[PDB]
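A.B. asks: Here come the first chain(s), positioned as in the complex:
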Amino acid sequence: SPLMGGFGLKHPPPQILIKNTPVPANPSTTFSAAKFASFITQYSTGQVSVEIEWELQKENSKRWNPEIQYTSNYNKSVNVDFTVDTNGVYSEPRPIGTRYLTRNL
């Protein structure tokens, strides 16, 4: 298991490597065997999509009393948590773990 948490994979999802192809600028009309150092300055943009399918493991508990669950504070506040501000900046207020339900040993 990875010590920062997560899924240890011998074959992880692969690296996806991307690069702008070099478009050279105006070459000299005489030949030079040196490599090109002058390129057209360019960048690229676009959209990227990732679609992961997850397999769930459902609770099968016979516990009587209710369990501790992650809830939002339903009191008045200036900013709603996990939303944007007045300046349009998204923020995350706290780290949300994943151990809220209970199982016996």
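C.D. replies: Everything's here; your move. Residues are numbered from 1 along each chain as shown, chains lettered A, B, ... in the order given.

A.B. asks: Was I right to think residue A:93 contacts residue A:81?
C.D. replies: Yes: with contact defined as C-beta atoms under 8 Å, residue A:93 counts as touching residue A:81 (4.8 Å). In short, each C-beta sits where N, CA and C put it, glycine included.

A.B. asks: Which parts of chain A are strands?
C.D. replies: Assigned strands in chain A: none (criterion: DSSP state E).

A.B. asks: Kindly provide the distance from the residue lying closest to residue A:70 once chain neighbours are set aside to residue A:34.
C.D. replies: In this structure, residue A:70 finds its nearest non-sequential neighbour in residue A:100, 5.5 Å apart by C-beta to C-beta, 6 or more residues apart in numbering. The gap separating residue A:100 from residue A:34 is 63 Å, by C-beta to C-beta, to the nearest Å.

A.B. asks: neighbour count winner among the two?
C.D. replies: residue A:100 (11 against 5; other C-beta atoms under 10 Å).

A.B. asks: how long is stretch A:66-76 from one end to the other?
C.D. replies: One end of stretch A:66-76 to the other measures 26 Å (C-alpha to C-alpha, to the nearest Å).

A.B. asks: now it, how far from the centre of its chain.
C.D. replies: Here the centre of stretch A:66-76 is set off from its chain's centre by 26 Å, with C-alpha atoms, centre = their mean, to the nearest Å.

A.B. asks: The following sequence is to be added as chain B:
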Amino acid sequence: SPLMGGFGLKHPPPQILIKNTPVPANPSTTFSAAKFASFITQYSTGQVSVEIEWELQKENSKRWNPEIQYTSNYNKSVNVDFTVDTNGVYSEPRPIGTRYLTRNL
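C.D. replies: Below, chain B sits with the chains from the block before:
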């Protein structure tokens, strides 16, 4: 709708009426046209089972931030809520409603 809350039914679940059959005590060996007033004092006990099937209506919300949910207090206490005491007496600490999720108008 019933004003104490619930399901208005023109044909509700029917009344289930139960009664111990009168077993008379020792009658006189001469006939008397009066009704019996002396019975063997008896009671009955047993088990009763009710099995209601409910139809659920699942949430289909596109809400981003988390919703208010009924949780148990996960702090230290003398008695766990909705359990028995040291004397074995079950209690309910508070009324639990049913409106915790949200839908738009």
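
A.B. asks: need the residues of chain A near chain B, please.
C.D. replies: Residues of chain A lying close to chain B (C-beta under 8 Å from any C-beta of the partner chain) are A:64-72, A:74, A:80-83.

A.B. asks: again, 7 Å this time
C.D. replies: A:65-72, A:74, A:80-83 (C-beta under 7 Å from any C-beta of the partner chain).

A.B. asks: and the two most separated of those?
C.D. replies: Longest distance between any two of the residues of chain A next to chain B is 32.5 Å, between A:65 and A:83; criterion C-beta to C-beta.

A.B. asks: residues in contact with the residue nearest to residue A:22 when sequence neighbours are not counted?
C.D. replies: Counting by C-beta to C-beta, 6 or more residues apart in numbering or on different chains, residue A:39 is the residue found nearest to residue A:22 once chain neighbours are left out, at 5.3 Å. By C-beta atoms under 7 Å, 6 or more residues apart in numbering or on different chains, the contact list for residue A:39 reads A:22, A:23, A:24, A:25.

A.B. asks: Throw these into JSON lines and include neighbour count, thanks.
C.D. replies: Listed next are the contacts of residue A:39 as JSON lines, based on neighbours: other C-beta atoms under 10 Å in any protein chain shown:
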{"residue": "A:22", "neighbour count": "9"}
{"residue": "A:23", "neighbour count": "9"}
{"residue": "A:24", "neighbour count": "10"}
{"residue": "A:25", "neighbour count": "10"}
